[PDB]
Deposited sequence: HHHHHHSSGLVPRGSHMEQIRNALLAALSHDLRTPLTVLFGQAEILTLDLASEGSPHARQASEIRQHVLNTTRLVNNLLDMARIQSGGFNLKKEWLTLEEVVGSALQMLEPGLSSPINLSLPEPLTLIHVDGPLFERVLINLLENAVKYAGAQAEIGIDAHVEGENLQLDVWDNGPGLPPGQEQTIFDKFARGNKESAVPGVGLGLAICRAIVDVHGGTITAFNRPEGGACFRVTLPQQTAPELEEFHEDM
């Protein structure tokens, strides 16, 4: 029946309705946070803490909305042709500021065109990066490597640090933590897959491979 397409949209709809209270909450929290720390108020700490838990909440919802977005088979997918450099650079700006050292980028041909739904595939980079940042340990060396093997874009989010338990590295996509699973779910909908392996050097690498029907020049100028 379509009684699961009715449920799917119910999830997609409630997720979209959840943004308006977050807006009000996040706005009202910031104003409190300021208004209270403007004056000499001891509770300013408490307003500030409330702010943060609205951020955390809104992230969890921004993950729950992209999910239900791609719950309709993933024809919520506008896949333009994007410079690989600007895809990576866009994820870098969203987490590299609050970091110790920059991510080691390795892009040989940066102006490769990649076929992705830009924002959704930016979510993949951030999550693969953040999972490295969370579990690779402080002073870890995180990187990004992006070759082309066939007409498949190979993208690797690697770190030193512990790495996966050797037995089953492809179980790690089973929530500790989501976000890997969200990465699979998003890149599955894109046509590709995501595998994880320990590097010989040490640590974990996460490999994103995408089908790339063309490599457009298409006009020569």
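(request) Pop the missing stretches of the deposited sequence into a list, counting residues from 1 and keeping sequence order. (result) In the chain as deposited, 1 to 14, 190 to 201, 248 to 251 carry no coordinates.
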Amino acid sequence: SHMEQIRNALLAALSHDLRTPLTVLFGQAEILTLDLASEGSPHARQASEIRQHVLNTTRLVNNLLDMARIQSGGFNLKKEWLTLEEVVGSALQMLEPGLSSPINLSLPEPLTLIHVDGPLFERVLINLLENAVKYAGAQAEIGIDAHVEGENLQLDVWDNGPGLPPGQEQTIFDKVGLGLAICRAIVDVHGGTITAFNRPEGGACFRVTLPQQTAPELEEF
From here on, numbers count along this sequence of modelled residues.
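(message) If you take the mean CA temperature factor per stretch, which one wins between 124 to 132 and 83 to 91?
(response) The stretch with the larger mean CA B-factor is 83 to 91.
(request) Check the entry's C-alpha temperature factors for 191 to 199 and 55 to 63, then say which stretch has the higher mean. (result) Mean B over CA atoms: larger for 55 to 63.
(request) Could you check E96, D117, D145, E109 and tell me which one carries the biggest Cα B-factor in the deposited entry? (result) Reading the PDB entry, the winner on C-alpha B-factor is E109.
(message) By the CA temperature factor listed in this entry, which of these ranks top: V208, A12, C205, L22?
(response) So the option with the highest C-alpha B-factor is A12.
(request) For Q170, return the chain-relative third of its C-alpha B-factor as stated in the PDB record: lowest, middle or highest. (result) Tercile = highest for this residue's CA B-factor.
(request) Looking at the entry's B-factor column for C-alpha atoms only, identify whether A68 ranks in the lowest, middle or highest third of its chain. (result) Top third by C-alpha B-factor.
(request) Using the B-factors in the PDB entry, rank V176's C-alpha atom against the chain and give the third, lowest, middle or highest. (result) Highest third, going by the recorded CA B-factors of the chain.
(message) What third of the chain does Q28 rank in for C-alpha temperature factor, lowest, middle or highest?
(response) It belongs to the lowest third of the chain when residues are ordered by C-alpha B-factor.
(request) Using the B-factors in the PDB entry, rank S41's C-alpha atom against the chain and give the third, lowest, middle or highest. (result) Highest third.
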